[PDB]
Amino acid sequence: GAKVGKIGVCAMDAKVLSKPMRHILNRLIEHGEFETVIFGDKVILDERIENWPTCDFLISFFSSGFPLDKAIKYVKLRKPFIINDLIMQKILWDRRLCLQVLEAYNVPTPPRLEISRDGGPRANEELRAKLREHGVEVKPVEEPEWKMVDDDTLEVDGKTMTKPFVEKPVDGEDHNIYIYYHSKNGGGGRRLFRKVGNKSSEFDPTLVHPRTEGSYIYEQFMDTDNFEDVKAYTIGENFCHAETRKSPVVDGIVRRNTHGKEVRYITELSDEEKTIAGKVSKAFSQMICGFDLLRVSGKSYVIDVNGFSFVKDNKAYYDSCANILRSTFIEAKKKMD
């Protein structure tokens, strides 16, 4: 087809060189409709933003090492069309802000309490203004009054939650999540952790009281269908792919194939789950977005939003992603031209 324009990919090379990124970009360039503009780690890290290459349609997202604030300044200067808002990617780092945004868009989440000891989330004025556009005010908060009423019951400022419950650090990149079981289901708890992406856990019969340093979310432990979690992958508000995986929260067991990769099964989404997926993409202004959902006997709850995430090794996903990006960019060009 006729040339539509230039797709810039402003992300770390580790992500730009992924199989999905290469195969999706190849689909977009192979009929002559788009040209790719490569940034590269040396330019991103060491060159001034006024010297970064420019494009019409920009794909850009954070991963470890990416200078997000610098990329935000580039977008402010050059104003390409974007599909994943960069400023909103900052909120993925604070579970409290993510939950505030989900709530503001009527996305169901598990019951929770919060014990913040850090004064609340931090945000500069640029992030505050972006959040206001998403229905969220960033508020200072003091440490609440709290206690364990008994071994099974947490109280925070007069509201209670009964075990089992899940204690998550407010840092969205800290996966040291603790599960606290009810005494009548054997009590104790389980510490989940990650070792260079490798998930593990350990049962401790004595884990009973919350951590006393740090800031945490306490979510009701949901009894999920088949003890699984759903990994969902959006491409805008009207496309979502989903897979189940076994959760370790009950028994510590993760299922892996012989190559060490977590076993996953493609699953069909209900209409309600498709609606939730569209809401997550919209709420975070992330066209391409991964999130985790829990299925509990006919109800679904979002527990995490991970931001830019492709499905790997699925030719239909690659085709659909190229087709949807193509249509999106054609429309974006029409609006400008």
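One rule holds for the numbers: they count along the sequence shown, beginning at 1.
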Requested in this report: Between 124-132 and 176-184, name whichever shows the higher mean Cα B factor according to the PDB entry.
Outcome: 176-184
Requested in this report: Look over 235-243 and 140-148 in the entry and identify the one with the greater average Cα temperature factor.
Outcome: 140-148
Query raised in the report: Highest CA temperature factor in the entry: which of 119, 80, 108, 111?
Result: 119
**Report entry** Selection from 31, 312, 279, 42 [criterion: highest C-alpha temperature factor in the record]
**Finding:** 31
Report task. Would you check the entry's CA temperature factor for residue 168 and let me know if it's in the chain's lowest, middle or highest third? Result -> middle
Requested in this report: Relative to the other modelled residues of the same chain, rank the CA B-factor of residue 201 and answer lowest, middle or highest third.
Outcome: highest
Query - Chain-wide C-alpha B factor ranking for residue 53, given as lowest, middle or highest third - result: lowest
Query - For residue 296, the third of its chain into which the C-alpha B factor falls - result: highest
Query raised in the report: Which third of the chain holds residue 85 when residues are ordered by C-alpha B factor: lowest, middle or highest?
Result: lowest
